[PDB]
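Let me begin by presenting the structure, written as structure tokens, before commenting on it.
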Amino acid sequence: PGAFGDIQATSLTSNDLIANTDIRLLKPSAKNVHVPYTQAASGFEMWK
Amino acid sequence: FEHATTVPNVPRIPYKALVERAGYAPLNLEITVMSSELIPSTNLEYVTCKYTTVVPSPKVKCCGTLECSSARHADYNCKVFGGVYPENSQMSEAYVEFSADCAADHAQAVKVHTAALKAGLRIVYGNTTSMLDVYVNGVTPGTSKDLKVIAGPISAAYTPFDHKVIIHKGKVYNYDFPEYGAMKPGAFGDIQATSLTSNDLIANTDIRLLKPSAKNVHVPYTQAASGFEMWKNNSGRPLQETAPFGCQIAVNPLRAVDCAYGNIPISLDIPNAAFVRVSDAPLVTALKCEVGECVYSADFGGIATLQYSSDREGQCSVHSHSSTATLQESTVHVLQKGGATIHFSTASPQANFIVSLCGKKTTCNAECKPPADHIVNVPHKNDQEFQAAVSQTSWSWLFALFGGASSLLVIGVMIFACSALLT
Amino acid sequence: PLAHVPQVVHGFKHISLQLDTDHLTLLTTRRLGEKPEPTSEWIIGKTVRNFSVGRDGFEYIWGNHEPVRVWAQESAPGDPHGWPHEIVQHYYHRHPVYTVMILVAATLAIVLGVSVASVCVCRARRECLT
Ligand SMILES: CCCCCCCCCCCCCCCCCC
């Protein structure tokens, strides 16, 4: 994660996507309904 | 009965000991230090904030003159500038005071003397636990319901603090604030005050009044930043985050909670109705020990099996006698024929220790293997030792090499005596 | 804000923690021994930090989470129960300021013993031979 090649697919339209992103869900704690998370950045953008 | 040992001061590591007197079954004893803080005796010199200088509406005579001296206030610069506002005169006195709010954001330049030690000891003896708290000086008896505990003087005294300290909102800084009444401007301690509410501010502020030049009435002053405001930028890391034994510092009375240093000597005074005679403890004959895993160094890397033979169904009480292994759970519900297990916890490559089940002492010989886990959430429950952290095979190699480096010398001095006394 | 929980790699006598944020967080450490040796830094972006943990080691915190403590163990590559090329790889890799010392002392003891034996047996062939 956080490097080049985080998402992977064998064409632009094929299935079987493959992904590490260090996504971590978190416990909601608020008055209204939300689903919180945290995540590593897009490692294709950190190559450009 | 009276027993005396030396607990090590690392909090929430339990410590096993047997107390045994004659004609009585040896009962167990665990003494876990659950909290420990040293409290020093403190007294505060002064109190600082930012000035919000009273910048009053100035005093201006159109044709008359002003000669304004000082009222009982702080730093002024009660300066009386001449020909201005086209003689006329303005006596501007921008005197400092406290800010609009120091009940929320101030500082307490506290001085600190030598400190104490409490503890929060939890002692389990027999079937009863006891929560107490005892001053770590060799005299004061912290007592439970029935046992009297004293705790000796510390091996080596230690302070995370220093002589001079500063308390901000919540945090603590080892900084060298200037004395009372002898301050310098620009730095910390411009305003001094013995409290928030009292009178008698003493200021050296580097306030500088300037002669006005404008079409309208104002009063121009320049100043440095308040030394409090500039200390809020110049300060490094509090003592919460650089304290030298992992201790954490919470302050209403400025204590240093949960240090880890030295070792307390305890000296307990056990009641007399917890013991039980050997005419009521089960006997035990003929122990043996298979020894299993023995991954050393970690937490509880050891298994063994005690193979025993008793008379009744009671509870015995297990304790390792050497120091290079320290077991766990300290009591065993034995039976007549049985084999219940233990948990050695060495930190040396030779499990070579001595176990007594209910009084019958046997040994455990083994060989320990290094762990395959590099970094772990739990502190070490032993300390290393020379002549015990060196494996047996390496002793065989060292004695072989260094003793073969000397047996030929013994043969050489026999050559001396033989060749010199026969001739 | 709570920062994005880092990712640790436990080596021999150190940790390495890949960190990835985008607003500046504050990484603070200390060692829990006698010499604390503190360290503080602001980081952005994506970086990797290495920190040598000892036997009494290393509490780090990172960007207003609760702190986290870490203790190191006495691993090494080798065995103290084996051939002499597997034991010295276990001790010199853990205490290099002792292993070389005892090796030098042992070899000098061998050289001393064989030298005095070699000179005294030649003395014995001399003085017992008129
Ligand atoms: C700080 C306390 C010291 C306790 C550990 C001391 C370890 C000494 C280790 C010396 C290494 C001896 C290895 C020698 C191997 C001989 C094989 C020929």
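Going by the structure tokens order, chains are called A, B, ..., each with residues numbered from 1, while ligands are numbered from 1 in the order shown.
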Exercise for review: Identify, counting only C-alpha atoms and all ligand atoms, the protein, DNA and RNA residues located within 10 Å of ligand 1, and give them as an MDAnalysis selection string.
Suggested key: (chainID B and resid 348 383:391 393:401) or (chainID C and resid 80 82:103 106)
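Residues within 6 Å of residue 32 (chain B), counting only C-alpha atoms and excluding same-chain residues fewer than 2 positions away, are residues 12, 14, 34, 121 and 122 of chain B.
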Check your understanding: Any idea what's packed within 6 Å of region 25-36 of chain C, counting only C-alpha atoms, ignoring anything in its chain fewer than 3 positions away? Could you give it as JSON, numbers by chain?
Key -> {"B": [244, 245, 246], "C": [39, 40, 41, 42, 43, 56, 57, 58, 59, 60, 61, 62, 63]}
Review point. Got a sec: who's within 10 Å of region 407-409 of chain B, counting only C-alpha atoms, leaving out chain neighbours fewer than 2 positions off, as a ChimeraX atom specification?
Key: /B:402-405,411-415 /C:110,112-118,120
Check your understanding: Got a sec to pull out which chain C residues are within 10 Å of chain A, counting only C-alpha atoms, and send them as a list in words?
Key ->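 Matching residues, ligands excluded from the count: residues 2, 3, 4, 5, 6, 7, 18, 19, 20, 21, 22, 45 and 46 of chain C.
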Please dump the current selection as a PDB file, in the first residue's frame; keep N, CA and C atoms.
ATOM      1  N   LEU C   2      -7.713  12.090  14.935  1.00  0.00           N
ATOM      2  CA  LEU C   2      -6.871  10.930  15.144  1.00  0.00           C
ATOM      3  C   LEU C   2      -6.142  10.610  13.855  1.00  0.00           C
ATOM      4  N   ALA C   3      -4.832  10.457  13.950  1.00  0.00           N
ATOM      5  CA  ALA C   3      -4.040  10.175  12.775  1.00  0.00           C
ATOM      6  C   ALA C   3      -4.210   8.724  12.342  1.00  0.00           C
ATOM      7  N   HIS C   4      -3.647   8.400  11.189  1.00  0.00           N
ATOM      8  CA  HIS C   4      -3.792   7.072  10.606  1.00  0.00           C
ATOM      9  C   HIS C   4      -2.769   6.137  11.220  1.00  0.00           C
ATOM     10  N   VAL C   5      -3.246   5.159  11.996  1.00  0.00           N
ATOM     11  CA  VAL C   5      -2.489   4.170  12.778  1.00  0.00           C
ATOM     12  C   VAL C   5      -1.313   3.580  12.012  1.00  0.00           C
ATOM     13  N   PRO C   6      -0.080   3.735  12.478  1.00  0.00           N
ATOM     14  CA  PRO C   6       1.079   3.358  11.657  1.00  0.00           C
ATOM     15  C   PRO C   6       1.256   1.866  11.472  1.00  0.00           C
ATOM     16  N   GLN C   7       2.335   1.439  10.826  1.00  0.00           N
ATOM     17  CA  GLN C   7       2.491   0.014  10.574  1.00  0.00           C
ATOM     18  C   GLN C   7       3.906  -0.423  10.879  1.00  0.00           C
ATOM     19  N   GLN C  18       6.428   2.234   9.154  1.00  0.00           N
ATOM     20  CA  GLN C  18       5.966   3.018   8.028  1.00  0.00           C
ATOM     21  C   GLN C  18       4.821   3.899   8.467  1.00  0.00           C
ATOM     22  N   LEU C  19       4.917   5.183   8.138  1.00  0.00           N
ATOM     23  CA  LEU C  19       3.901   6.144   8.517  1.00  0.00           C
ATOM     24  C   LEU C  19       3.393   6.850   7.279  1.00  0.00           C
ATOM     25  N   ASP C  20       2.093   7.131   7.264  1.00  0.00           N
ATOM     26  CA  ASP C  20       1.472   7.776   6.113  1.00  0.00           C
ATOM     27  C   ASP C  20       0.372   8.717   6.598  1.00  0.00           C
ATOM     28  N   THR C  21       0.692  10.005   6.687  1.00  0.00           N
ATOM     29  CA  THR C  21      -0.317  11.037   6.901  1.00  0.00           C
ATOM     30  C   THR C  21      -0.236  12.171   5.901  1.00  0.00           C
ATOM     31  N   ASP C  22      -1.056  13.166   6.103  1.00  0.00           N
ATOM     32  CA  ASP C  22      -1.124  14.274   5.167  1.00  0.00           C
ATOM     33  C   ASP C  22      -1.276  15.632   5.830  1.00  0.00           C
ATOM     34  N   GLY C  45       3.213  13.195   4.976  1.00  0.00           N
ATOM     35  CA  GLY C  45       3.436  12.361   3.818  1.00  0.00           C
ATOM     36  C   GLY C  45       3.693  10.910   4.136  1.00  0.00           C
ATOM     37  N   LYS C  46       4.672  10.300   3.476  1.00  0.00           N
ATOM     38  CA  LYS C  46       4.944   8.880   3.626  1.00  0.00           C
ATOM     39  C   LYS C  46       6.416   8.670   3.911  1.00  0.00           C
TER      40      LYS C  46
END
